[PDB]
Each structure stands twice: as C-alpha cells, then as structure tokens.
C-alpha cells in the first residue's frame, strides 16, 4: 500500500498494490486571499509601477463639503438626495470650522455668484447643508482633501511639484435591497497634478494603465461629470473575449474646484476612476455579485 519506517531492508518480500493515479489525491486545505483583494493588489501593482502614491482614505463618514461642495457639485443635485445617498443621522453634522474659512468662502463664492472666470451656479449656497455627514459616495472626496493639502502646502512653499496619487477603497450608495446594484463597492481612483495638462496626457496614462491589464485598444466617449470638464467615458477592447467594454470614467477637474483651493490656472489635474468589483467578476467569471462579496460569498 505505502512505505513505512520499518520497510527499509525488508520491503523486497511484499505486494505493492497498484495505485490508481487516474484519480485525485488527498484534498489539501489552504488559505486564500480574497479574490477582490487579489484584484486590488494587481491594480495597486499597476499604480505603484507608474510611480503613483497612495492617498489616505481611512474613513467612511464624509462631510458634504468634501464629498460635494468642494468638488463644485451643487447642493440641489440628485446625488445629494436621500434616495441616492446614505445621510448620517447621529454624527449628523461635522465640526464647524472644518478646514479653512478662506476655502469655505471661496467655495460659497464660486457656487453662488461665480468667480475665477466661471459664471458659478447662480443659486445661494447654504453652509448648513455643507456640514451634513454622509457615507461617502465616491473616494473623489479624499482626492479633493489631498489636492487641497498639496495646494495649501505649495502656496507656502511657492513651488508646484508634480505628483501622482491613487486610492482603492469602499464607498456606499443607497441602492435597493433587490440587488439592482450594490449598496457598497470599492472604487479605484488615480490622478496626476502638474502644469498645463490636458486630454492628451489623460489618454497617455490611460492606455498605459489599461494595457497593463491587457487592453491594448481604447476608445473615448464624451460624457458628463460635474467635477470634470472635459470628461470621457472610456471603453477598451477585451482580447480574450468578443467585445469592447466600458472600463472606466475620467476627465480634467474643473477650475472652480481647483482654483478655489489656491491653484493658479497653470496647475491642472487629470483623473480617472473605475470599479474593483467588475474586473474581479470578469477575470474569475463570477456570475452575480452576491457570490463574491457579502455574507453569502463562499468560494
């Protein structure tokens, strides 16, 4: 059947039954990084490879100032409505005198009466709404925090140092319980800050990024984002399967967003974002979302 501690110098006089190798062996138990975390690593590898620095996104609660108002999204936008957003109840409002009053002033000014060459939005901005805590709808929020801190530090330093930032983290949407979409999901964001950038640079780093995951051909559709003009939906051709897919969204951040921060018109930021879940369930051929993540996600 099988050798033993005793059967050396005495194994010759016995029967070695056939072993049916047309079979499987003993089942082995082994540990597993979650599929979603493997996807997250691969993306993070791509990002560190292109020289990018991870941003801090260690938070789920966000004030609407960072999530909406500092991105130059108006307060009467469907993204700021209860139906589509988890608003926070008990820690309902953030601290007064969050960030800097000068920045808050710039944001109110541009939102209401225009500034920086922009016409504005021609409503009257309310500080009261800006302080309502939500579960962040995107990590674009933390990117805006980071953009503001590097504005505030380069105003003191006087120097505009080019930089590259990425984040991968969970965000929340008040979708239904009938699995139309997901209540939670992870978002991948990257951006670059320097002097005089534009869609040529976006398409460069975009095709870089995306070939790095096996999509050599890209196409670009104009679409709308309130924080990014111009903006383009990104499609890419999946080699191993038949068709083109929607793989990302991106654009150039608006002047009202950045210049409110302190940046001069020289400075521009290019940014893009995409899901983690969709790559995952495509690569591993996962049918529906609830077989990956959540309490009923075995194997």
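Residue numbers count along the first chain shown, from 1.
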Comparing 92 to 100 with 149 to 157, the one whose average Cα B-factor in the PDB entry is higher: 149 to 157
So which stretch wins on mean C-alpha B-factor, 211 to 219 or 166 to 174? 211 to 219
Whose C-alpha has the highest temperature factor in the PDB entry: 52, 60, 66, 244? 244
Scanning 87, 121, 227, 185 for peak Cα temperature factor in the entry gives 121
Could you place residue 236 in the lowest, middle or highest third of its chain by Cα temperature factor, using the values in the record? highest
By the record's CA B-factor, is residue 190 among the lowest, middle or highest third of residues in the chain? lowest
If you rank every modelled residue in this chain by C-alpha B factor, which third holds residue 286: lowest, middle or highest? middle
Ranked C-alpha temperature factor of residue 256 among modelled chain residues, by third: middle
What third of the chain, by the recorded C-alpha B-factor, contains residue 129? middle
